[PDB]
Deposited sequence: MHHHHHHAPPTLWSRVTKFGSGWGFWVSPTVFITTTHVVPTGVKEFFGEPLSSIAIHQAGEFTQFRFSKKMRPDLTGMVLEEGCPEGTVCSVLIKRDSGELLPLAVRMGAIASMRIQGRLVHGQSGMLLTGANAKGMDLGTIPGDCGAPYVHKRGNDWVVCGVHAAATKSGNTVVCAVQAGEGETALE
């Protein structure tokens, strides 16, 4: 399943990586790419943003509609084992690079001394261009269930194995 243009339009440069608009008001990213010592995100003051973060997953809920062009989509805490997700990687040039990954177990993992609630996966070589393999932290892990796309994690770590941070 190819991610449609509106789905890619949710992937947004943020901090030292990327994040993803789940809805007009909800933005998700990986905690370690979030800038510190700032007074605003996307021009909105801290006092107008509800933060929900843990385990390398960060969610922002803005008090104002920031992306009213978007429908609200489902964010899930990971996905069933064996799901094939696409990691929606974008280059600075705007080139789109969906990377297929076979997902494994949701688990608690220590990664470089930080507690990560995440899901491991293995890149699906057979579903990516030859040689297309491992600043992309925060890219969303998505999959299509029935008629709807679901987001289930944000890119956090890699070595042919990857980990997305997850949160409900």
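Residues 1 to 5, 140 to 143, 169 to 171, 181 to 188 of the deposited sequence have no C-alpha coordinates in the structure.
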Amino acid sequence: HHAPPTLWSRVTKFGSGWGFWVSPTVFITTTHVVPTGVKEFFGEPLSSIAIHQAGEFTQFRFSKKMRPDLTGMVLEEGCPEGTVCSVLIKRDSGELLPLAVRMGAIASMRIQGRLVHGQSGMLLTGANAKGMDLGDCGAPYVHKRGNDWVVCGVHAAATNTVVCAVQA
From here on, numbers count along this sequence of modelled residues.
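For clarity, a rigid core is taken as the largest C-alpha set superposing within 1.5 Å between two forms.
When the other structures are laid on the shown form by the rigid core, the stretch among 104 to 112 and 137 to 145 with the greater C-alpha deviation in 8 other deposited structures of this protein turns out to be 104 to 112. Modelled in this chain, residue 132 is nonetheless unresolved in at least one third of the other entries of the protein that span it on both sides. In this entry, 104 to 112 has the higher mean Cα B-factor, the comparison being between 25 to 33 and 104 to 112. If you average the C-alpha B-factors over 5 to 13 and over 140 to 148, the higher value belongs to 140 to 148. Residue set 135, 45, 68, 121: peak C-alpha B-factor at 135 (per PDB entry). Placement of the Cα temperature factor of residue 164 within the chain: lowest third of the modelled residues, per the deposited record. Per the PDB record, residue ranking by Cα B-factor puts residue 129 in the highest third of the chain. The deposited CA B-factor of residue 81 belongs to the highest third of values across its chain. Ranked by Cα temperature factor within the chain, residue 61 sits in the lowest third according to the deposited record.
In the deposited entry, the Cα temperature factor of residue 49 sits in the bottom third of values across the chain's modelled residues.
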